[PDB]
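Structure, as structure tokens:
Quick note on labels: first sequence line is chain A, next is B, and so on, each numbered from 1.
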Amino acid sequence: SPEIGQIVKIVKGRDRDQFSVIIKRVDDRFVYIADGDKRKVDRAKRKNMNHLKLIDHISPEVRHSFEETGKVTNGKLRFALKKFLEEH
RNA sequence: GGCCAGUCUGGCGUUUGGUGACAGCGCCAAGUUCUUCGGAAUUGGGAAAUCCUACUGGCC
């Protein structure tokens, strides 16, 4: 099952072939994603899990942001995705 | 495999919408119908839907 702060690669939709971050879990089928750059948290995108590829990387920055504040900022989403690309 | 609900000429751009196929807006291209021959108007197949191919979402 998906986790808050987990990296996904979008496989369907107009934003396909981008990496994004799961920022909310609705149920086991639907989540919300955002990247803090072109898709910011105030425009988070509803996605069927079948249209994402789960990646084995959860950003601690995003996960810690939600643990301490219940939210995530656009700056932390951008930083998490940038760190993911560099390491992986 | 079965059923329900969807999408429509091809291409690419887009921090627009859509879970998605896609759509919107844009321009490029093809077919077709026009022309004042500069350029306009259109759009899967089919005479037709409770039809069909392809594709998408859900259920079994």
Return the orientation label for the A/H88 and A/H57 ring planes: parallel under 30°, perpendicular over 60°, tilted otherwise.
perpendicular
Mind checking whether A/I10 and A/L52 have side chains closer than 4.5 Å, heavy atoms only?
yes
Do any side-chain atoms of residues 2-9 of chain A form donor-acceptor pairs under 3.5 angstrom with protein atoms, and if so which ones, sequence neighbours left out?
from: A/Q6; atom 1: OE1; to: A/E3; atom 2: N; distance (Å): 3.2
from: A/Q6; atom 1: NE2; to: A/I55; atom 2: O; distance (Å): 2.8

Decide, yes or no, whether a salt bridge links A/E86 with A/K82 under the criterion of side-chain N to carboxylate O below 4.0 Å.
yes
Would the distance check show the side chain of A/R16 and the main-chain N or O of A/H51 forming a donor-acceptor pair, the cut-off being under 3.5 Å?
no
Rounded to the nearest 0.5 angstrom, the OH-NZ distance for A/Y32 and A/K47 is 12.5 Å
Could you tell me whether A/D56 atom CG has more than 12 heavy atoms of other residues or ligands within 6.0 Å of it?
no
Any side-chain heavy atom of A/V21 sitting closer than 4.5 Å to one from A/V72?
no
So, does A/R78 use its side chain to make a donor-acceptor pair with the main chain of A/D37 at under 3.5 Å?
no
What closest approach, in Å, do A/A34 and A/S20 show between heavy atoms, and which atom pair accounts for it?
O-OG, 3.0 Å
Any link between A/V11 and A/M49 through a network of hydrophobic side chains (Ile, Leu, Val, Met, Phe, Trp, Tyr) touching at under 4.5 Å?
no
NZ of A/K38: more than 12 outside heavy atoms within 6.0 angstrom?
no
Say whether, by atom type as modelled, one donor and one acceptor occur between the side chain of A/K24 and the main chain of A/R46 under 3.5 angstrom.
no
Is there a donor-acceptor pair closer than 3.5 Å between any side-chain N or O of A/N74 and the backbone N or O of A/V41?
yes
When rounded to the nearest 0.5 angstrom, what distance separates CG in A/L77 from NZ in A/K40?
10.0 Å
Under the ring-ring contact (aromatic ring centres under 6.0 Å, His included) test, residues paired with A/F66 that sit two or more places apart:
none
Single-linkage hydrophobic cluster, 4.5 Å side-chain cutoff, A/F19 and A/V31 together:
no
Taking A/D15 first and then A/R39, would you say they form a salt bridge - that is, a charged N and a carboxylate O separated by under 4.0 Å?
yes
OG of A/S59 to CG of A/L81, rounded to nearest 0.5 Å, is 8.0 Å
For A/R25, does the CZ atom sit with more than 12 other heavy atoms under 6.0 Å from it, leaving out its own atoms?
yes
Is there a path of hydrophobic side-chain contacts, each under 4.5 Å between heavy atoms of I, L, V, M, F, W or Y residues, that connects A/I22 with A/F30?
no
